[PDB]
Each structure stands twice: as structure tokens, then as C-alpha cells.
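Engineer: Pasting in a structure now, in C-alpha cells, and then I'll have a few things to ask.
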Amino acid sequence: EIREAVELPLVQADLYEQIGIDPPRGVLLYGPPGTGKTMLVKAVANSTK
Amino acid sequence: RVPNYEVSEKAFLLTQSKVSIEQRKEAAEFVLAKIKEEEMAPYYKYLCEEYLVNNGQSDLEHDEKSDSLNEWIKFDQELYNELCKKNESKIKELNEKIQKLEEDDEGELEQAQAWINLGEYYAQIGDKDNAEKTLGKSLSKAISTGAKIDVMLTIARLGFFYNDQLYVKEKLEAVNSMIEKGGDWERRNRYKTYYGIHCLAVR
Amino acid sequence: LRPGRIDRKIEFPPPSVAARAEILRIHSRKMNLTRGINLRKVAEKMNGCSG
Ligand SMILES: Nc1ncnc2c1ncn2[C@@H]1O[C@H](COP(=O)(O)OP(=O)(O)OP(=O)(O)O)[C@@H](O)[C@H]1O
Ligand SMILES: [Mg+2]
């Protein structure tokens with residue numbers, strides 16, 4: 001779900017546009033903070049650059 | 001839809017005398033089968049002109065050159081008879097349908113769909129002028145944005161049949177207006193190729 | 001819900017299979033499909049329970 005949400009409008013926004021799906025907005029991550037929510041944000045950020 | 005270009009492609013190859021002996025005689029077979037079966041009768045008279053000084057010609061009502069390098073070229077009188085018959089027949093059928101659509105209101109969608117069929121027949125027989133007229137009435141009755149775009153492409157295609165680059169060019173200005181009215185990506189791809197082929201046709 | 005205080009009461013059901021196809025058709029105008037897809041077919045694959 002994160003590679004759809006964050007990574008897909010950075011590589012190209014227009015992928016959405018031309019199929020004719022309007023893009024999702026904001027991401028809320030919830031859960032005990034021990035679950036590695038925070039850890040996932042840092043993981044895909046180093047990866048997308 | 002399908003013979004309209006495929007017969008023209010082979011007929012161009014057949015015209016040349018600057019092709020291989022073998023390639024011209026393979027083409028010639030596809031062209032000839034399709035005149036008789038599909039009733040390409042008027043474009044077939046047209047095509048006898050288009051050699052002239054190039055060889056192959058072996059027609060019974062139209063000029064011949066001294067050197068026939070082909071024989072998958074013949075004019076028959078049955079072709080002419082057929083024309084006359086088939087013409088009246090198709091014309092008579094649909095007409096009556098159009099009048100029926102006038103009596104009981106149904107004429108928005110169905111009368112334009114009848115006139116689409118009339119231009120496809122007209123187009124089949126190789127008349128750009130009278131295909132276009134019928135495809136003109138189709139517009140006036142109020143139809144979907146999709147249908148309107150599809151029709152203009154068909155007309156521009158008849159430009160390719162007679163290999164008239166200007167006839168293509170003029171019609172494809174009008175599609176540029178409607179393309180974003182419908183807003184389709186489907187008929188935009190068709191547009192990309194339609195244009196593709198037209199741009200390929202010029203230098 | 002005492003007398004005269006509430007005088008029109010509007011129950012709303014889950015959707016019909018004809019009604020569920022009409023919501024789908026609205027959404028298909030934002031998207032770019034392929035032709036030959038019936039959305040009456042889709043409404044029958046679904047059964048939904050809400051809009
Ligand atoms: N999937 C996992 N693989 C490896 N280590 C993990 C994993 N999930 C979490 N951890 C480790 O657990 C710790 C907490 O994760 P993170 O840094 O993402 O914070 P968080 O849960 O959002 O906390 P808060 O938001 O309250 O500060 C980190 O050190 C992280 O590397
Ligand atoms: Mg954290």
C-alpha cells in the first residue's frame with residue numbers, strides 16, 4: 001500500500017491522470033509505535049531518494 | 001472496413017513495374033478475388049487508368065499496353081451487371097428503414113446508424129464524394145461525442161484509398177476539435193495512428 | 001419521536017442491483033475503460049450491502 005501511495009506520484013504523477021483515476025491524498029499510519037510505522041517511512045525514503 | 005485499404009495496398013504493388021516479377025504476381029491474386037466478391041466494381045475501372053504506361057494490363061474494356069507482364073487482371077461484363085443490381089438493392093432496403101424511423105420517433109440514434117451503413121457501402125464501391133455526404137446526415141441527428149469522432153476518421157480514411165494527402169489533411173483538422181470534447185484516450189490512440197500514417201504519407 | 005414532533009420519516013434500504021449499476025456508471029466517466037464491459041455484469045458480480 002505504501003508503494004502505491006508515496007512512490008507512484010514521485011516517479012510520474014501522470015500515470016494516474018491518463019488512466020482516469022484521481023490520485024489518493026495523505027497517508028495516516030496508525031498502530032502502537034513499536035510496530036515499525038516510523039521504520040517503514042525511513043525504509044522507502046532511502047529507496048525512492 | 002477490412003477490404004477498403006487491403007485491396008488498395010495490393011493494387012499499388014500491382015501498378016509498379018519497378019518491383020520484383022514475383023511480388024507483383026502474388027499481389028495481383030489478392031486484388032482480383034476481392035473485386036468480384038466484395039463489389040469493388042467502380043474502383044476497379046479507376047485502377048485500369050492508374051497503370052497506364054506501366055504494364056500488366058489485360059482488361060477487356062479498358063486500355064492495354066503491348067507488354068502484359070500480368071494476367072490476374074481481367075475486366076468481365078458480369079462485374080458491370082452485378083453493379084447495377086446490387087446498387088439498387090442496398091439503396092432500396094435502407095431507405096425504407098429511414099422512412100420507418102421517421103413515422104415512429106426513433107430517428108436520433110437509428111437513422112444516423114442507417115446512414116453510417118450507406119457511407120460504408122459508398123466507400124466500399126470507392127466513392128469518396130457520396131460516402132461523405134451520407135456520413136454528413138449522421139452528424140445532424142444528435143448523437144454521442146464518441147460516434148461523432150469515429151465518423152470523421154472514416155471520411156479521412158477515404159482519402160488514403162485514392163492516395164490524396166490533402167484530402168486526409170483537411171478532415172483531420174476537424175478531429176482535433178472534437179477529440180477533447182469526447183476526451184477519450186481510446187479514439188486519441190486511433191487519432192495518433194491516423195495522423196501517424198498521414199505524417200508518414202508526406203515528406 | 002413524540003406526537004407532532006416528527007412527521008416524515010425516511011427509511012433508506014441497501015442498494016438494488018439496478019441502482020448499484022447506476023452508481024458504477026457515474027464512476028466510469030472519470031475513468032477510461034474498454035468498450036464491451038457491461039456494468040450490469042459488474043453489478044451482478046457484486047451484492048454490496050451499502051453504497
Ligand atoms: N520491520 C522491522 N525491521 C527491523 N527493525 C524494525 C522493524 N520495525 C521496527 N523496527 C525498529 O523498531 C524501532 C521503532 O521504529 P520507528 O523508528 O519506525 O518508530 P515509530 O514506531 O513510529 O515510533 P514513534 O512514532 O512513537 O516515535 C526502530 O529502531 C526500527 O528500526
Ligand atoms: Mg516514529
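Scheme for the C-alpha cells: letters A, B, ... for chains in order shown; per-chain residue numbers from 1; ligand numbers from 1 in order shown.
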What residues of the protein or nucleic acid chains come within 8 Å of ligand 1 when you use only C-alpha atoms and all ligand atoms? Reply as an NGL selection string.
Structural biologist: :A and (32-42)
Engineer: With only C-alpha atoms considered, list every residue of chain A at most 6 Å from chain C, as a ChimeraX atom specification.
Structural biologist: /A:19-21
Engineer: Restrict the distance test to only C-alpha atoms, flag each residue of chain B within 8 Å of chain C, and return the flagged residues as a ChimeraX atom specification.
Structural biologist: /B:184-186
Engineer: Pull C-alpha atoms from the residues just selected and write them as a PDB file, in the first residue's frame.
Structural biologist:
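Generated output (part39.pdb):
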ATOM      1  CA  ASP B 184     -11.376   9.648 -24.939  1.00  0.00           C
ATOM      2  CA  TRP B 185      -7.938   8.092 -24.733  1.00  0.00           C
ATOM      3  CA  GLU B 186      -9.241   5.250 -26.860  1.00  0.00           C
TER       4      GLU B 186
END
Engineer: Can you write out as CSV which residues of range 130-197 of chain B fall within 12 Å of range 33-55 of chain B, alongside each residue's closest atom pair and its distance in Å to one decimal, counting only C-alpha atoms and ordering rows by chain and ascending residue number?
Structural biologist:
residue,atom,partner,partner_atom,distance
B:161,CA,B:43,CA,9.5
B:162,CA,B:43,CA,9.3
B:163,CA,B:50,CA,11.6
Engineer: Can those selected residues be exported to a file as an mmCIF file, in the first residue's frame so that it contains C-alpha atoms?
Structural biologist:
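So result-v4.cif came out as:
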data_model
loop_
_atom_site.group_PDB
_atom_site.id
_atom_site.type_symbol
_atom_site.label_atom_id
_atom_site.label_comp_id
_atom_site.auth_asym_id
_atom_site.auth_seq_id
_atom_site.Cartn_x
_atom_site.Cartn_y
_atom_site.Cartn_z
ATOM 1 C CA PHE B 161 -7.857 4.980 -50.755
ATOM 2 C CA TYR B 162 -7.226 7.491 -53.625
ATOM 3 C CA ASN B 163 -3.808 8.369 -52.124
#
Engineer: Hey, what's within 8 Å of residue 25 in chain B if we count only C-alpha atoms and toss same-chain stuff fewer than 6 positions away? As a PyMOL selection string, please?
Structural biologist: chain B and resi 14+70+72
Engineer: Deliver the residues from the most recent selection as a file, using N, CA and C atoms, as a PDB file, in the first residue's frame.
Structural biologist:
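Okay, this is what ended up in result.pdb:
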ATOM      1  N   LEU B  14       0.860  -3.913 -57.555  1.00  0.00           N
ATOM      2  CA  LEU B  14       0.447  -4.356 -58.882  1.00  0.00           C
ATOM      3  C   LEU B  14       0.692  -3.319 -59.935  1.00  0.00           C
ATOM      4  N   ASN B  70       1.314  -9.353 -66.466  1.00  0.00           N
ATOM      5  CA  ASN B  70       0.385  -9.892 -65.510  1.00  0.00           C
ATOM      6  C   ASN B  70      -0.853 -10.381 -66.321  1.00  0.00           C
ATOM      7  N   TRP B  72      -3.664 -11.660 -63.919  1.00  0.00           N
ATOM      8  CA  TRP B  72      -4.521 -11.655 -62.746  1.00  0.00           C
ATOM      9  C   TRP B  72      -5.151 -10.258 -62.734  1.00  0.00           C
TER      10      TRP B  72
END
Engineer: When you count only C-alpha atoms, which of these residues is closest to residue 127 in chain B: B:157, B:171, B:10, B:90?
Structural biologist: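 Of B:157, B:171, B:10, B:90, the one nearest residue 127 in chain B is B:157, counting only C-alpha atoms.
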Engineer: Measuring between only C-alpha atoms, which one of A:44, A:28, A:17, A:5 shows the shortest distance to chain B?
Structural biologist: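 Among the listed residues, the smallest separation from chain B belongs to A:17.
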Engineer: Within 12 Å of residue 37 in chain C, counting only C-alpha atoms, which residues show up once you throw out same-chain ones fewer than 6 positions away? Write them as a PyMOL selection string, please.
Structural biologist: chain C and resi 24-25+28+43
Engineer: Write out as a PyMOL selection string all residues of chain C that backbone DSSP assigns to alpha helix (DSSP H).
Structural biologist: chain C and resi 17-27+39-45
Engineer: Report as a ChimeraX atom specification all protein, DNA and RNA residues lying within 9 Å of residue 74 in chain B, evaluated on only C-alpha atoms, omitting residues in the same chain fewer than 4 positions from it.
Structural biologist: /B:32,57-60
Engineer: Selected residues, N, CA and C atoms, written as a PDB file, in the first residue's frame, please.
Structural biologist:
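So the final result, stored in result_27.pdb, reads:
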ATOM      1  N   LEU B  32      -7.710  -9.288 -57.265  1.00  0.00           N
ATOM      2  CA  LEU B  32      -8.725  -9.770 -58.211  1.00  0.00           C
ATOM      3  C   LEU B  32      -9.883 -10.543 -57.567  1.00  0.00           C
ATOM      4  N   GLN B  57      -1.511  -4.756 -67.743  1.00  0.00           N
ATOM      5  CA  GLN B  57      -2.858  -4.525 -68.293  1.00  0.00           C
ATOM      6  C   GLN B  57      -3.320  -5.592 -69.291  1.00  0.00           C
ATOM      7  N   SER B  58      -4.579  -6.080 -69.163  1.00  0.00           N
ATOM      8  CA  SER B  58      -5.123  -7.229 -69.922  1.00  0.00           C
ATOM      9  C   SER B  58      -6.604  -7.185 -69.754  1.00  0.00           C
ATOM     10  N   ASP B  59      -7.170  -5.976 -69.772  1.00  0.00           N
ATOM     11  CA  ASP B  59      -8.526  -5.708 -69.470  1.00  0.00           C
ATOM     12  C   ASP B  59      -9.361  -5.797 -70.752  1.00  0.00           C
ATOM     13  N   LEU B  60     -10.650  -6.122 -70.634  1.00  0.00           N
ATOM     14  CA  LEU B  60     -11.443  -6.238 -71.812  1.00  0.00           C
ATOM     15  C   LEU B  60     -12.179  -4.967 -72.216  1.00  0.00           C
TER      16      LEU B  60
END
Engineer: I want to know what sits within 9 Å of residue 17 in chain C, based on only C-alpha atoms, with residues of the same chain fewer than 6 positions away left out; could you give that as an mmCIF file with N, CA, C and O atoms, in the first residue's frame?
Structural biologist:
data_model
loop_
_atom_site.group_PDB
_atom_site.id
_atom_site.type_symbol
_atom_site.label_atom_id
_atom_site.label_comp_id
_atom_site.auth_asym_id
_atom_site.auth_seq_id
_atom_site.Cartn_x
_atom_site.Cartn_y
_atom_site.Cartn_z
ATOM 1 N N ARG C 40 -23.672 -3.870 -15.864
ATOM 2 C CA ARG C 40 -24.799 -4.579 -15.326
ATOM 3 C C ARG C 40 -24.317 -5.951 -14.924
ATOM 4 O O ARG C 40 -24.790 -6.606 -14.009
ATOM 5 N N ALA C 43 -22.497 -5.241 -11.605
ATOM 6 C CA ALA C 43 -23.402 -5.068 -10.527
ATOM 7 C C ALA C 43 -23.977 -6.325 -10.025
ATOM 8 O O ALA C 43 -24.303 -6.346 -8.871
ATOM 9 N N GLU C 44 -24.008 -7.330 -10.883
ATOM 10 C CA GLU C 44 -24.346 -8.687 -10.527
ATOM 11 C C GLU C 44 -23.220 -9.516 -9.932
ATOM 12 O O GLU C 44 -23.514 -10.495 -9.265
ATOM 13 N N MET C 46 -21.055 -8.117 -7.828
ATOM 14 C CA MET C 46 -21.237 -7.540 -6.543
ATOM 15 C C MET C 46 -22.643 -7.858 -5.961
ATOM 16 O O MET C 46 -23.470 -8.403 -6.727
ATOM 17 N N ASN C 47 -22.873 -7.627 -4.658
ATOM 18 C CA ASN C 47 -24.121 -7.777 -3.999
ATOM 19 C C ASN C 47 -24.189 -6.619 -3.022
ATOM 20 O O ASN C 47 -25.318 -6.195 -2.690
ATOM 21 N N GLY C 48 -23.056 -6.089 -2.607
ATOM 22 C CA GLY C 48 -22.944 -4.925 -1.839
ATOM 23 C C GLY C 48 -23.754 -5.074 -0.585
ATOM 24 O O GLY C 48 -24.075 -6.171 -0.200
#
Engineer: Please provide the set of residues having any atom within 9 Å of residue 151 in chain B, restricted to only C-alpha atoms, with same-chain residues fewer than 6 positions apart removed, written as a list in words.
Structural biologist: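 Result of the neighbour search: residues 116, 135, 136, 138 and 139 of chain B.
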Engineer: What does the distance from CA of residue 23 in chain C to CA of residue 36 in chain C come to in Å, to one decimal?
Structural biologist: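 Computing the Euclidean distance for CA of residue 23 in chain C and CA of residue 36 in chain C yields 18.3 Å.
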